[PDB]
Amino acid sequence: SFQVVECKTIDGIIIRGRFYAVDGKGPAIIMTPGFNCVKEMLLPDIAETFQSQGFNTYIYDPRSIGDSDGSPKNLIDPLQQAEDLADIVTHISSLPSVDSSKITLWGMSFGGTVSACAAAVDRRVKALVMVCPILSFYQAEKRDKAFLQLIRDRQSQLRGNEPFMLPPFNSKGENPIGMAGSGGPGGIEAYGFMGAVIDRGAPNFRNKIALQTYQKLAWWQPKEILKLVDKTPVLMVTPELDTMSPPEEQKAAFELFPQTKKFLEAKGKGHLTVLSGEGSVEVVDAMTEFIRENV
């Protein structure tokens, strides 16, 4: 059982999401979805487990995505999502059933890297959990053409046209900047899930992003921001066969963390299946174990 809980940002935007409350006053986990994904995809299964084990759990749609406010639509600014998490933490910490001293930031894929950026600046975050985080986006060979495409979109917007939209992965599993396994098995699998005409419980999901998302991704240096995360206990869950975010890149980032940390590799899992199938129950139990051990 969950209730709809809305969080206001400092610029007046409403973040909308699901809040799985627990009885009494207990800790809270705030879950951020992956790139352009909505709260209804996969995460409600994890939240019910978190809730049954005594954790208030909040899954939300990030700015301009799903049920949440934000214009232009599906313009993914990771630094803005990280800042919004500070405002989300504020509202969730004020809820009656929430112990504000026991806040954990949980993120999957893109949302895991966004969560770490928020934890670097917000000491209210007592624990960080990153599932298959993505730390790079541009293929060097496609940079110049993607840049030119971004500029021409700006000029097109200055002439009155709408911001150019496109799927994060086309039918060939590709995208202009080559992110997240574009041109390989991972991008093809990503398109298969995002483009499927299936009821996933998320009417407001949209398999399109604004092209200017790639402009924000060009500024973002997440590997440098994660170096600021030097106090928050961090748990990283990496799929062994991640074809969208190279496991070695995730492992290189985990190496730099000097504080209390824990690494878990999900054998035989990919970017999208790391929290599903056999072994997924043991992985989720390890997440709550790590939080309680550090909360």
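Throughout, we count residues from 1 along the sequence that is shown.
Judged by mean Cα B factor in the deposited record, 22-30 ranks above the other of 253-261 and 22-30. On average the C-alpha atoms of 92-100 have higher B-factors than those of the other stretch, with 127-135 and 92-100 being the two compared. Within the listed group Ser171, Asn207, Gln81, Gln215, the record reports its top CA B-factor for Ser171.
Within the group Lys145, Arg200, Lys223, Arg152, the record's highest C-alpha temperature factor is found at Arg200. Placement of the Cα temperature factor of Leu211 within the chain: lowest third of the modelled residues, per the deposited record.
The PDB entry assigns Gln51 a C-alpha temperature factor belonging to the highest third of its chain's modelled residues. Among the modelled residues of its chain, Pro44 has a C-alpha B-factor that falls in the highest third, as given in the PDB entry. Annotation for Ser71: CA B-factor lies in the highest third of the chain's modelled residues. Among the modelled residues of the chain, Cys117 sits in the lowest third by CA temperature factor in this PDB entry.
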